[PDB]
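Chains as they are written, first to last, in the entry's author numbering: chain D, 351 to 449; chain H, 401 to 449; chain E, 499 to 548. The block underneath contains the structure these notes are about, expressed in structure tokens.
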Amino acid sequence: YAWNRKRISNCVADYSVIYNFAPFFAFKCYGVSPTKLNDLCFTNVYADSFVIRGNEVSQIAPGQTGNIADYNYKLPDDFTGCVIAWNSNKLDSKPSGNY
Amino acid sequence: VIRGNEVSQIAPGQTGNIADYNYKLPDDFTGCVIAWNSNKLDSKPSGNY
Amino acid sequence: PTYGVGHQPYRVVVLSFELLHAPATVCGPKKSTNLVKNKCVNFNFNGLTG
Ligand SMILES: *[C@@H]1O[C@H](CO)[C@@H](O)[C@H](O)[C@H]1NC(C)=O
């Protein structure tokens with residue numbers, strides 16, 4: 351519910367060094383392709399960070415209904431951008447219960 | 401044998417590190433691509449070189 | 499082995515098939531029947547039907 355917004359501006363962005371930072375499978379983008387992110391360029395880049403369940407990953411998409419989409423974090427219907435998600439069992443889970 | 405983040409680069413019409421400099425598939429490619437995890441055989445605690 | 503799931507090694511085998519007009523050498527198992535002529539039949543010559 352309290353996801354962080356980071357404003358990214360006035361720099362040179364390298365999108366090929368993203369794969370060395372986190373072990374994600376799919377660079378699932380919507381308005382563009384991941385292989386063309388270095389030639390063209392944008393005005394502003396905004397990054398939203400939150401930790402959700404594995405069943406709720408499919409709700410981070412335009413035109414979706416559920417729990418996170420309609421009550422926690424909503425993506426627009428004309429959303430251009432890209433979604434990155436990966437497993438975090440080794441860091442965000444405890445045997446006693448992560449609360 | 402490649403890493404897990406660049407399995408998606410083994411496809412026609414891709415751009416990256418394996419596709420541009422190591423192994424490129426043609427634009428009119430036909431056939432199948434088979435990939436499976438090999439953590440039991442191709443991984444060592446000291447570091448594979 | 500302590501790395502994440504996106505940094506695991508993956509064994510890749512890529513099969514590329516030559517779909518050309520060369521004579522066929524390698525393909526799947528289908529039993530060949532006798533050839534009959536001057537009859538309206540369904541044929542299967544090296545993969546394509548009609
Ligand atoms: C993130 O920061 C920590 C501490 O500064 C560091 O140990 C870790 O390697 C960093 N992550 C990456 C992918 O470099």
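Every residue gets a Cβ at the ideal spot worked out from N, C-alpha and C, and that includes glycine.
- Note that the C-beta distance between D:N394 and D:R357 is below 9 Å.
- In this structure, D:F374 has its CB at a distance of at least 8 Å from all heavy atoms of ligand 1.
- D:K386 belongs to the set of residues whose beta carbon lies under 9 Å from a beta carbon in chain H.
- Contacts with chain E (Cβ-Cβ distance below 7 Å) from the stretch 431-442 of chain H involve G431, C432, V433, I434, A435, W436, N437, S438, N439 and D442, listed in chain order.
- E:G548 sits in coil when the DSSP states are folded into three classes, being neither helix nor strand.
- Within the stretch 355-387 of chain D, the residues whose Cβ lies closer than 8 Å to some Cβ of chain E are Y369, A372, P373, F374 and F375, listed in chain order.
- Taking a contact as a CB-CB distance under 8 Å, the pair E:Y508 and H:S438 counts as one, their CB atoms being some 6 Å apart.
- For a Cβ distance threshold of 9 Å, residue set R403, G404 and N405 of chain H lies close to E:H505, ordered along the chain.
- At a cut-off of 9 Å between beta-carbon atoms, E:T500 makes contact with chain H.
- Taking 9 Å as the cut-off, the beta carbon of H:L425 is found no closer than this to the beta carbon of H:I402.
- Looking at the DSSP output, H:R403 shares a beta bridge with E:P507.
- Residue-level contact check: E:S514 touches chain H, since one or more beta carbons of chain H fall below 9 Å from its beta carbon.
- Annotation for D:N370 indicates a beta carbon within 8 Å of some heavy atom of ligand 1.
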